[PDB]
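Shown next: input.cif, containing mmCIF, C-alpha atoms and all ligand atoms.
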data_data
loop_
_atom_site.group_PDB
_atom_site.id
_atom_site.type_symbol
_atom_site.label_atom_id
_atom_site.label_comp_id
_atom_site.auth_asym_id
_atom_site.auth_seq_id
_atom_site.Cartn_x
_atom_site.Cartn_y
_atom_site.Cartn_z
ATOM 1 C CA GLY A 1 72.955 94.806 106.192
ATOM 2 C CA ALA A 2 73.465 94.100 109.883
ATOM 3 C CA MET A 3 76.711 92.676 111.161
ATOM 4 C CA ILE A 4 76.317 89.150 112.558
ATOM 5 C CA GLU A 5 78.807 86.906 114.367
ATOM 6 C CA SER A 6 79.927 84.155 112.012
ATOM 7 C CA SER A 7 81.135 80.773 113.270
ATOM 8 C CA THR A 8 84.799 79.943 112.506
ATOM 9 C CA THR A 9 84.186 76.581 110.858
ATOM 10 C CA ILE A 10 84.037 75.433 107.247
ATOM 11 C CA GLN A 11 81.055 77.207 105.713
ATOM 12 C CA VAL A 12 81.923 76.864 102.033
ATOM 13 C CA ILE A 13 83.436 73.823 100.272
ATOM 14 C CA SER A 14 84.668 74.621 96.777
ATOM 15 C CA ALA A 15 84.956 71.530 94.579
ATOM 16 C CA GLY A 16 86.469 73.490 91.694
ATOM 17 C CA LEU A 17 89.681 72.149 90.167
ATOM 18 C CA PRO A 18 92.972 74.058 90.083
ATOM 19 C CA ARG A 19 93.090 76.847 87.453
ATOM 20 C CA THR A 20 89.351 77.561 87.700
ATOM 21 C CA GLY A 21 89.562 80.759 89.764
ATOM 22 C CA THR A 22 90.287 79.118 93.129
ATOM 23 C CA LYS A 23 92.709 81.800 94.344
ATOM 24 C CA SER A 24 90.295 84.605 93.460
ATOM 25 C CA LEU A 25 87.588 82.648 95.292
ATOM 26 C CA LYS A 26 89.859 82.161 98.311
ATOM 27 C CA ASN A 27 90.458 85.924 98.382
ATOM 28 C CA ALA A 28 86.733 86.613 97.898
ATOM 29 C CA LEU A 29 85.722 84.329 100.750
ATOM 30 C CA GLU A 30 88.317 85.941 103.014
ATOM 31 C CA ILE A 31 86.857 89.366 102.148
ATOM 32 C CA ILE A 32 83.354 88.144 103.073
ATOM 33 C CA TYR A 33 84.180 86.126 106.189
ATOM 34 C CA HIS A 34 87.296 87.834 107.588
ATOM 35 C CA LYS A 35 88.792 84.423 108.412
ATOM 36 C CA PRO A 36 91.241 82.246 106.411
ATOM 37 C CA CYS A 37 90.239 80.095 103.447
ATOM 38 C CA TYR A 38 92.293 76.965 102.665
ATOM 39 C CA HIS A 39 94.074 76.785 99.286
ATOM 40 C CA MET A 40 97.313 75.234 97.989
ATOM 41 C CA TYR A 41 98.912 78.652 98.562
ATOM 42 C CA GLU A 42 98.042 78.349 102.269
ATOM 43 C CA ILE A 43 100.228 75.232 102.275
ATOM 44 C CA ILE A 44 103.002 76.891 100.227
ATOM 45 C CA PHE A 45 103.157 80.100 102.222
ATOM 46 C CA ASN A 46 101.955 79.267 105.730
ATOM 47 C CA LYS A 47 101.746 75.523 106.283
ATOM 48 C CA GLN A 48 104.421 73.492 104.507
ATOM 49 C CA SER A 49 104.320 71.127 107.473
ATOM 50 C CA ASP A 50 100.826 70.173 106.240
ATOM 51 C CA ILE A 51 102.249 68.561 103.083
ATOM 52 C CA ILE A 52 103.132 65.260 104.759
ATOM 53 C CA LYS A 53 99.793 65.276 106.596
ATOM 54 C CA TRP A 54 97.791 65.601 103.379
ATOM 55 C CA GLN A 55 100.002 62.965 101.767
ATOM 56 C CA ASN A 56 99.298 60.589 104.674
ATOM 57 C CA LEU A 57 95.577 61.344 104.440
ATOM 58 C CA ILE A 58 95.499 60.684 100.712
ATOM 59 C CA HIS A 59 97.472 57.454 101.263
ATOM 60 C CA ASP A 60 94.748 56.234 103.630
ATOM 61 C CA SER A 61 91.842 57.737 101.650
ATOM 62 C CA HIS A 62 91.025 54.548 99.743
ATOM 63 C CA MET A 63 89.710 53.194 103.048
ATOM 64 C CA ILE A 64 86.917 55.771 103.107
ATOM 65 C CA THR A 65 83.586 53.974 103.077
ATOM 66 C CA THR A 66 81.080 56.470 101.685
ATOM 67 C CA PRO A 67 78.651 57.366 104.495
ATOM 68 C CA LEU A 70 79.993 55.998 109.121
ATOM 69 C CA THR A 71 82.663 53.315 109.553
ATOM 70 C CA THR A 72 85.660 53.148 111.903
ATOM 71 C CA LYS A 73 88.532 53.964 109.557
ATOM 72 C CA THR A 74 86.379 56.657 107.946
ATOM 73 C CA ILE A 75 86.130 58.442 111.286
ATOM 74 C CA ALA A 76 89.915 58.381 111.727
ATOM 75 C CA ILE A 77 90.283 59.968 108.296
ATOM 76 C CA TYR A 78 87.529 62.518 108.946
ATOM 77 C CA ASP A 79 89.258 63.430 112.209
ATOM 78 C CA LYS A 80 92.502 64.264 110.429
ATOM 79 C CA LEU A 81 90.623 66.315 107.815
ATOM 80 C CA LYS A 82 88.912 68.309 110.539
ATOM 81 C CA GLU A 83 92.272 68.891 112.255
ATOM 82 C CA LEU A 84 93.886 70.162 109.052
ATOM 83 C CA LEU A 85 91.042 72.610 108.481
ATOM 84 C CA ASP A 86 90.695 73.906 112.033
ATOM 85 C CA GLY A 87 90.413 77.691 112.059
ATOM 86 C CA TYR A 88 89.414 77.962 108.392
ATOM 87 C CA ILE A 89 86.041 79.086 107.041
ATOM 88 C CA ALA A 90 86.276 77.565 103.539
ATOM 89 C CA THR A 91 88.194 75.173 101.285
ATOM 90 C CA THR A 92 89.388 75.685 97.715
ATOM 91 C CA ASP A 93 91.919 74.067 95.362
ATOM 92 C CA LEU A 94 94.005 70.910 95.660
ATOM 93 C CA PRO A 95 94.388 68.999 97.867
ATOM 94 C CA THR A 96 90.969 69.664 99.389
ATOM 95 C CA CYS A 97 88.748 69.784 96.319
ATOM 96 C CA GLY A 98 88.591 66.015 95.669
ATOM 97 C CA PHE A 99 87.424 65.520 99.257
ATOM 98 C CA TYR A 100 84.247 67.512 98.616
ATOM 99 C CA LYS A 101 81.806 64.643 99.395
ATOM 100 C CA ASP A 102 83.640 63.869 102.617
ATOM 101 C CA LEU A 103 83.807 67.521 103.620
ATOM 102 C CA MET A 104 80.022 67.666 103.114
ATOM 103 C CA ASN A 105 79.616 64.906 105.694
ATOM 104 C CA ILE A 106 82.032 66.493 108.151
ATOM 105 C CA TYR A 107 80.478 69.940 107.772
ATOM 106 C CA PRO A 108 76.772 69.220 107.193
ATOM 107 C CA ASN A 109 75.932 72.952 107.277
ATOM 108 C CA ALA A 110 78.517 73.945 104.671
ATOM 109 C CA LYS A 111 77.454 74.890 101.165
ATOM 110 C CA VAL A 112 79.313 73.744 98.058
ATOM 111 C CA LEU A 113 80.687 75.694 95.104
ATOM 112 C CA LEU A 114 81.930 74.446 91.757
ATOM 113 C CA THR A 115 84.167 76.723 89.744
ATOM 114 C CA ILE A 116 84.343 75.853 86.048
ATOM 115 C CA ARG A 117 85.584 77.241 82.738
ATOM 116 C CA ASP A 118 86.282 76.324 79.122
ATOM 117 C CA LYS A 119 88.161 72.989 79.180
ATOM 118 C CA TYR A 120 90.874 74.081 76.739
ATOM 119 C CA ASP A 121 91.533 77.356 78.591
ATOM 120 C CA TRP A 122 91.756 75.221 81.716
ATOM 121 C CA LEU A 123 94.240 72.810 80.170
ATOM 122 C CA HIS A 124 96.362 75.648 78.768
ATOM 123 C CA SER A 125 96.473 77.310 82.209
ATOM 124 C CA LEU A 126 97.212 74.018 83.968
ATOM 125 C CA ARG A 127 100.124 73.335 81.603
ATOM 126 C CA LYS A 128 101.634 76.751 82.324
ATOM 127 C CA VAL A 129 101.477 76.568 86.117
ATOM 128 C CA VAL A 130 100.554 73.270 87.789
ATOM 129 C CA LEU A 131 101.349 70.482 85.365
ATOM 130 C CA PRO A 132 103.707 71.341 82.490
ATOM 131 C CA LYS A 133 104.556 68.471 80.154
ATOM 132 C CA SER A 134 107.789 66.608 80.948
ATOM 133 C CA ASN A 135 109.597 67.888 77.858
ATOM 134 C CA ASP A 136 108.516 71.489 78.313
ATOM 135 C CA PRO A 137 111.585 73.658 79.103
ATOM 136 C CA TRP A 138 109.328 75.854 81.257
ATOM 137 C CA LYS A 139 109.010 72.971 83.730
ATOM 138 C CA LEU A 140 112.663 73.521 84.722
ATOM 139 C CA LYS A 141 111.938 77.180 85.458
ATOM 140 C CA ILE A 142 108.902 76.331 87.584
ATOM 141 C CA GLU A 143 111.049 73.895 89.558
ATOM 142 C CA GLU A 144 113.866 76.397 90.029
ATOM 143 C CA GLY A 145 111.444 79.026 91.342
ATOM 144 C CA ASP A 146 109.718 76.475 93.555
ATOM 145 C CA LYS A 147 112.992 75.570 95.249
ATOM 146 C CA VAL A 148 113.295 79.205 96.300
ATOM 147 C CA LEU A 149 109.967 78.738 98.129
ATOM 148 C CA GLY A 150 111.285 75.646 99.895
ATOM 149 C CA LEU A 151 109.188 73.267 97.786
ATOM 150 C CA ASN A 152 110.656 69.899 96.846
ATOM 151 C CA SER A 153 109.583 66.641 95.184
ATOM 152 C CA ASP A 154 107.054 65.986 97.962
ATOM 153 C CA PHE A 155 105.159 69.084 96.892
ATOM 154 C CA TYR A 156 104.818 67.735 93.335
ATOM 155 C CA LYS A 157 103.840 64.348 94.716
ATOM 156 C CA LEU A 158 101.020 65.977 96.712
ATOM 157 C CA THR A 159 99.782 67.791 93.616
ATOM 158 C CA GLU A 160 99.876 64.560 91.596
ATOM 159 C CA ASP A 161 98.277 62.395 94.249
ATOM 160 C CA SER A 162 95.571 64.901 95.094
ATOM 161 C CA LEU A 163 94.690 65.215 91.401
ATOM 162 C CA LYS A 164 94.587 61.401 91.107
ATOM 163 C CA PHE A 165 92.307 61.372 94.138
ATOM 164 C CA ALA A 166 90.034 64.076 92.693
ATOM 165 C CA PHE A 167 89.826 62.165 89.416
ATOM 166 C CA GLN A 168 89.501 58.780 91.137
ATOM 167 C CA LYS A 169 92.324 57.281 89.089
ATOM 168 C CA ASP A 170 94.842 54.777 90.478
ATOM 169 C CA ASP A 171 97.334 56.183 88.033
ATOM 170 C CA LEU A 172 97.299 58.967 85.532
ATOM 171 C CA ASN A 173 99.321 59.840 82.460
ATOM 172 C CA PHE A 174 100.029 63.436 83.423
ATOM 173 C CA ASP A 175 101.502 64.249 80.013
ATOM 174 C CA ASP A 176 98.348 63.145 78.158
ATOM 175 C CA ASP A 177 96.089 66.098 77.257
ATOM 176 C CA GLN A 178 93.156 63.889 76.194
ATOM 177 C CA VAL A 179 93.201 62.054 79.518
ATOM 178 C CA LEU A 180 93.263 65.297 81.506
ATOM 179 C CA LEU A 181 90.436 66.812 79.435
ATOM 180 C CA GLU A 182 88.268 63.729 79.903
ATOM 181 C CA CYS A 183 88.983 63.744 83.646
ATOM 182 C CA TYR A 184 88.101 67.444 83.896
ATOM 183 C CA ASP A 185 84.732 66.972 82.174
ATOM 184 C CA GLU A 186 83.923 63.824 84.153
ATOM 185 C CA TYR A 187 84.875 65.475 87.439
ATOM 186 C CA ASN A 188 82.702 68.535 86.866
ATOM 187 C CA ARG A 189 79.803 66.358 85.722
ATOM 188 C CA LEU A 190 80.106 64.148 88.810
ATOM 189 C CA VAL A 191 80.065 67.089 91.248
ATOM 190 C CA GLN A 192 76.810 68.271 89.729
ATOM 191 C CA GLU A 193 75.324 64.757 89.834
ATOM 192 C CA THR A 194 76.449 64.214 93.445
ATOM 193 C CA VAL A 195 75.757 67.467 95.305
ATOM 194 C CA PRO A 196 72.069 68.298 95.789
ATOM 195 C CA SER A 197 71.269 71.417 93.757
ATOM 196 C CA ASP A 198 69.988 73.242 96.865
ATOM 197 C CA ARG A 199 73.493 72.891 98.244
ATOM 198 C CA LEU A 200 75.447 73.718 95.067
ATOM 199 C CA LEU A 201 76.348 76.912 93.246
ATOM 200 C CA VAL A 202 78.090 76.592 89.882
ATOM 201 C CA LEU A 203 80.343 79.580 89.161
ATOM 202 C CA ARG A 204 81.849 80.490 85.806
ATOM 203 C CA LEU A 205 84.896 82.783 85.636
ATOM 204 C CA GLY A 206 83.626 86.334 85.420
ATOM 205 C CA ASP A 207 80.427 85.793 87.439
ATOM 206 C CA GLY A 208 81.684 88.117 90.182
ATOM 207 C CA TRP A 209 80.123 88.798 93.574
ATOM 208 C CA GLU A 210 76.377 88.661 92.929
ATOM 209 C CA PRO A 211 75.537 84.945 92.635
ATOM 210 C CA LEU A 212 78.069 84.012 95.328
ATOM 211 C CA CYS A 213 76.809 86.550 97.851
ATOM 212 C CA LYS A 214 73.164 85.624 97.192
ATOM 213 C CA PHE A 215 73.992 81.950 97.737
ATOM 214 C CA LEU A 216 75.722 82.802 101.038
ATOM 215 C CA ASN A 217 73.120 85.307 102.277
ATOM 216 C CA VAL A 218 75.693 88.093 102.640
ATOM 217 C CA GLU A 219 75.885 91.632 101.261
ATOM 218 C CA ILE A 220 78.235 92.356 98.387
ATOM 219 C CA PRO A 221 81.433 93.796 99.923
ATOM 220 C CA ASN A 222 81.218 97.563 99.517
ATOM 221 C CA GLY A 223 83.561 99.252 97.076
ATOM 222 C CA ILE A 224 85.619 96.090 96.633
ATOM 223 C CA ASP A 225 85.866 94.479 93.188
ATOM 224 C CA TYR A 226 85.660 90.726 92.815
ATOM 225 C CA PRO A 227 89.256 89.403 92.820
ATOM 226 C CA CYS A 228 91.027 88.630 89.583
ATOM 227 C CA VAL A 229 94.320 87.065 90.554
ATOM 228 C CA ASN A 230 96.639 84.151 89.792
ATOM 229 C CA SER A 231 96.650 84.353 85.986
ATOM 230 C CA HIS A 232 99.257 82.221 84.262
ATOM 231 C CA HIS A 233 100.953 85.435 83.087
ATOM 232 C CA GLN A 234 101.305 86.552 86.698
ATOM 233 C CA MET A 235 102.617 83.124 87.743
ATOM 234 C CA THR A 236 105.185 83.254 84.961
ATOM 235 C CA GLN A 237 106.393 86.589 86.335
ATOM 236 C CA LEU A 238 106.434 85.238 89.898
ATOM 237 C CA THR A 239 108.555 82.237 88.847
ATOM 238 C CA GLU A 240 110.961 84.484 86.931
ATOM 239 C CA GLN A 241 111.304 86.905 89.843
ATOM 240 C CA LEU A 242 111.912 84.106 92.358
ATOM 241 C CA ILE A 243 114.664 82.796 90.081
ATOM 242 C CA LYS A 244 116.118 86.309 89.680
ATOM 243 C CA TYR A 245 116.058 87.392 93.340
ATOM 244 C CA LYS A 246 116.366 83.993 95.053
ATOM 245 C CA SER A 247 113.938 84.819 97.831
ATOM 246 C CA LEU A 248 110.234 85.469 98.288
ATOM 247 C CA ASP A 249 110.813 88.232 100.805
ATOM 248 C CA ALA A 250 112.868 90.237 98.290
ATOM 249 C CA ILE A 251 109.987 90.420 95.801
ATOM 250 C CA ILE A 252 106.834 90.002 97.866
ATOM 251 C CA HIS A 253 106.058 93.728 97.703
ATOM 252 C CA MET A 254 105.654 93.260 93.932
ATOM 253 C CA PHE A 255 102.926 90.654 94.452
ATOM 254 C CA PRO A 256 100.164 92.057 96.677
ATOM 255 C CA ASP A 257 97.097 89.868 97.325
ATOM 256 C CA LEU A 258 99.354 86.796 97.045
HETATM 257 N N1 LIG B 301 87.788 87.252 88.312
HETATM 258 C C1 LIG B 301 88.324 86.493 87.254
HETATM 259 N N2 LIG B 301 87.872 86.612 86.002
HETATM 260 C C2 LIG B 301 88.364 85.893 84.999
HETATM 261 N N3 LIG B 301 89.331 85.005 85.160
HETATM 262 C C3 LIG B 301 89.845 84.784 86.404
HETATM 263 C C4 LIG B 301 89.356 85.540 87.496
HETATM 264 N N4 LIG B 301 90.041 85.133 88.607
HETATM 265 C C5 LIG B 301 90.914 84.181 88.233
HETATM 266 N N5 LIG B 301 90.817 83.978 86.910
HETATM 267 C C6 LIG B 301 91.570 83.048 86.152
HETATM 268 O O1 LIG B 301 91.549 81.814 86.868
HETATM 269 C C7 LIG B 301 92.843 81.147 86.681
HETATM 270 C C8 LIG B 301 93.511 80.934 88.012
HETATM 271 O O2 LIG B 301 92.807 79.905 88.702
HETATM 272 P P1 LIG B 301 93.380 79.276 90.071
HETATM 273 O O3 LIG B 301 93.436 80.401 91.055
HETATM 274 O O4 LIG B 301 92.382 78.214 90.488
HETATM 275 O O5 LIG B 301 94.761 78.670 89.838
HETATM 276 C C9 LIG B 301 93.637 82.046 85.787
HETATM 277 O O6 LIG B 301 93.435 81.628 84.424
HETATM 278 P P2 LIG B 301 94.560 81.847 83.291
HETATM 279 O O7 LIG B 301 95.799 81.074 83.717
HETATM 280 O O8 LIG B 301 93.983 81.299 82.030
HETATM 281 O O9 LIG B 301 94.899 83.337 83.247
HETATM 282 C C10 LIG B 301 93.029 83.370 86.065
HETATM 283 O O10 LIG B 301 93.304 84.362 85.082
HETATM 284 NA NA NA B 302 88.767 83.135 75.470
#
Starting from the coordinates I provided, produce the structure as structure tokens.
Ligand SMILES: Nc1ncnc2c1ncn2[C@@H]1O[C@H](COP(=O)(O)O)[C@@H](OP(=O)(O)O)[C@H]1O
Ligand code: NA
Amino acid sequence: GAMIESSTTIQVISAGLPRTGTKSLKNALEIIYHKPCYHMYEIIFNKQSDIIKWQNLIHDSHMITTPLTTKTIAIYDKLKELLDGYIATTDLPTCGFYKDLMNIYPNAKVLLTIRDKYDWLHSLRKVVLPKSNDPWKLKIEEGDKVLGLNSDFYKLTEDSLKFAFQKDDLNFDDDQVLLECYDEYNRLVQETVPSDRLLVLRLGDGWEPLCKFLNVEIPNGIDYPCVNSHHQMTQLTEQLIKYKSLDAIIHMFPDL
């Protein structure tokens, strides 16, 4: 196909929850668009100063009146600031803001990444939200400290998940609650976003449906990304603990 000059603004809003292939999708969108895609790893690795900004935004988010009202505009302005220079959103904390992002970026299309609910829960428990009594939680925390992440990082994860699930509080250690929230969330995205504007992706779908949806050619000779497995995250955590810096081990984790 011909090369065309793409606008550096949000073109793709991915509503998919953490552990549904968001990092692979981030990488895929960056391959297509040649501009950055937002993801929690963007915060971890490039923008830790954004943590307090997202926390503030979530704190004020209850005041969003679903469109435009005054306080809504103030919130939309901060969202647009956070996402300046990016061409897509994936993962927490952005995913729960999908309806709002649709208003802010009326010409953006929406994706929903999904998978088997139990595989999702298993993955979530290994990486994002281990149970309180799980010894592995201590290892995650130790590795995270090496990255400069503290309690405010976990607070952002918690609060952005509460926001996505529209719960005032949430028993994070309760598998049944999380499973119900996952199903309800995915159902609601599909009820809310007009089908013309939505593509539902299952893990393994690869380039074809995504590229068709976006009117772009399939990147030549480049496989669809498969990254961020829980096994890989376990190794990352262990290596951070072992070496006590990211820069010492980063050569071992390409595409991160
Ligand atoms: N192209 C692909 N095909 C199949 N699974 C993929 C994939 N890309 C990512 N995944 C899976 O998606 C999960 C990561 O999602 P996220 O990036 O949103 O945190 C991991 O699940 P597992 O932990 O079960 O391995 C990972 O293996
Ligand atoms: Na399986």
Just want the 8 Å neighbourhood of residue A:209, counted on all atoms listed in the file, with same-chain residues fewer than 4 positions away dropped. Output as a PDB file with C-alpha atoms, in the coordinates of the input.
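Below is the file that was written, selection-v4.pdb:
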ATOM      1  CA  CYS A 213      76.809  86.550  97.851  1.00  0.00           C
ATOM      2  CA  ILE A 220      78.235  92.356  98.387  1.00  0.00           C
ATOM      3  CA  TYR A 226      85.660  90.726  92.815  1.00  0.00           C
TER       4      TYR A 226
END
Could you expand the PyMOL selection byres (((not hetatm)) within 12 of (chain B and resi 302)) into the explicit residues it covers here, written as number ranges by chain? A: 117-122, 124-125, 205-206
Give me the chain A side of the contact with ligand LIG 301 (chain B), cut-off 8 Å, one line per residue showing its nearest atom pair and distance in Å at one decimal, counting all atoms listed in the file, sorted by chain and residue number, as CSV.
residue,atom,partner,partner_atom,distance
A:16,CA,B:LIG301,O4,7.7
A:17,CA,B:LIG301,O4,6.6
A:18,CA,B:LIG301,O4,4.2
A:19,CA,B:LIG301,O2,3.3
A:20,CA,B:LIG301,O4,4.2
A:21,CA,B:LIG301,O2,3.5
A:22,CA,B:LIG301,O4,3.5
A:23,CA,B:LIG301,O3,3.6
A:24,CA,B:LIG301,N4,4.9
A:25,CA,B:LIG301,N4,7.5
A:93,CA,B:LIG301,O4,6.4
A:121,CA,B:LIG301,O8,5.8
A:122,CA,B:LIG301,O8,6.5
A:124,CA,B:LIG301,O8,6.9
A:125,CA,B:LIG301,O7,4.1
A:126,CA,B:LIG301,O7,7.2
A:128,CA,B:LIG301,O7,7.4
A:129,CA,B:LIG301,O7,7.6
A:205,CA,B:LIG301,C2,4.7
A:206,CA,B:LIG301,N2,4.3
A:207,CA,B:LIG301,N1,7.6
A:208,CA,B:LIG301,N1,6.4
A:226,CA,B:LIG301,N1,6.1
A:227,CA,B:LIG301,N1,5.2
A:228,CA,B:LIG301,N1,3.7
A:229,CA,B:LIG301,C5,5.0
A:230,CA,B:LIG301,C8,4.8
A:231,CA,B:LIG301,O9,3.4
A:232,CA,B:LIG301,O7,3.7
A:233,CA,B:LIG301,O9,6.4
A:234,CA,B:LIG301,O9,8.0
Carefully work through the PyMOL selection byres (((chain A and resi 174-189) around 12) and not hetatm) for this structure and note down the residues it includes, as a PyMOL selection string. chain A and resi 14-20+97-98+100+113-124+126-127+130-136+156-157+159-161+163-169+171-173+190-195+202-203
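Closest approach to residue A:154 from the set A:106, A:44, A:13, A:28 is made by A:44, with distances taken over all atoms listed in the file.
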Atom pair atom CA of residue A:201 / atom CA of residue A:87: separation (Å):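 Distance reported for this atom pair: 23.5 Å.
Considering all atoms listed in the file, the residue among A:3, A:218, A:148, A:31 positioned nearest to residue A:238 is A:148.
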Enclose all atoms of stretch 83-97 of chain A listed in the file in an axis-aligned box, grow every side by 8 Å, and hand back centre and edge lengths in Å to one decimal, as lines of an AutoDock Vina configuration file.
center_x = 90.2
center_y = 74.0
center_z = 103.8
size_x = 24.3
size_y = 26.2
size_z = 32.9
Evaluated on this file, the PyMOL selection byres (((chain A and resi 9) around 8) and not hetatm) picks out some residues - which ones are they, written as a PyMOL selection string? chain A and resi 7-8+10-11+86-90
From the set A:29, A:2, A:235, A:84, which residue has the shortest atom-to-atom contact distance to residue A:48, counting only C-alpha atoms? A:84
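Interatomic distance, atom CA of residue A:241 against atom CA of residue A:26: 23.5 Å.
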How many Å separate atom CA of residue A:211 from atom CA of residue A:33? 16.1 Å
Please provide the set of residues having any atom within 9 Å of residue A:54, restricted to all atoms listed in the file, with same-chain residues fewer than 2 positions apart removed, written as JSON, numbers by chain. {"A": [50, 51, 52, 56, 57, 58, 59, 80, 81, 84, 95, 96, 158, 162]}
Store the residues of this selection in a file with C-alpha atoms, as a tab-separated table (two decimals), in the frame of the given file.
chain	number	residue	atom	x	y	z
A	50	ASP	CA	100.83	70.17	106.24
A	51	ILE	CA	102.25	68.56	103.08
A	52	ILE	CA	103.13	65.26	104.76
A	56	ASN	CA	99.30	60.59	104.67
A	57	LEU	CA	95.58	61.34	104.44
A	58	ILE	CA	95.50	60.68	100.71
A	59	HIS	CA	97.47	57.45	101.26
A	80	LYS	CA	92.50	64.26	110.43
A	81	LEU	CA	90.62	66.32	107.82
A	84	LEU	CA	93.89	70.16	109.05
A	95	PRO	CA	94.39	69.00	97.87
A	96	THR	CA	90.97	69.66	99.39
A	158	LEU	CA	101.02	65.98	96.71
A	162	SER	CA	95.57	64.90	95.09
Nearest-residue call for residue A:61, choices A:49, A:112, A:39, A:170, using only C-alpha atoms: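 Going through A:49, A:112, A:39, A:170 one by one, the smallest distance to residue A:61 is for A:170.
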Write out as a PyMOL selection string which residues come within 10 Å of residue A:60 when counting all atoms listed in the file, dropping same-chain ones fewer than 3 positions away. chain A and resi 54-57+63-64+73-74+76-77
Set the distance at 12 Å and use all atoms listed in the file: which residues neighbour residue A:247 once local chain neighbours fewer than 5 positions away are removed? I'd like the list as JSON, numbers by chain. {"A": [144, 145, 146, 147, 148, 149, 150, 238, 239, 240, 241, 242, 252, 253]}
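With all atoms listed in the file as the basis for measurement, A:101 is the residue among A:101, A:83, A:153, A:37 that approaches residue A:65 most closely.
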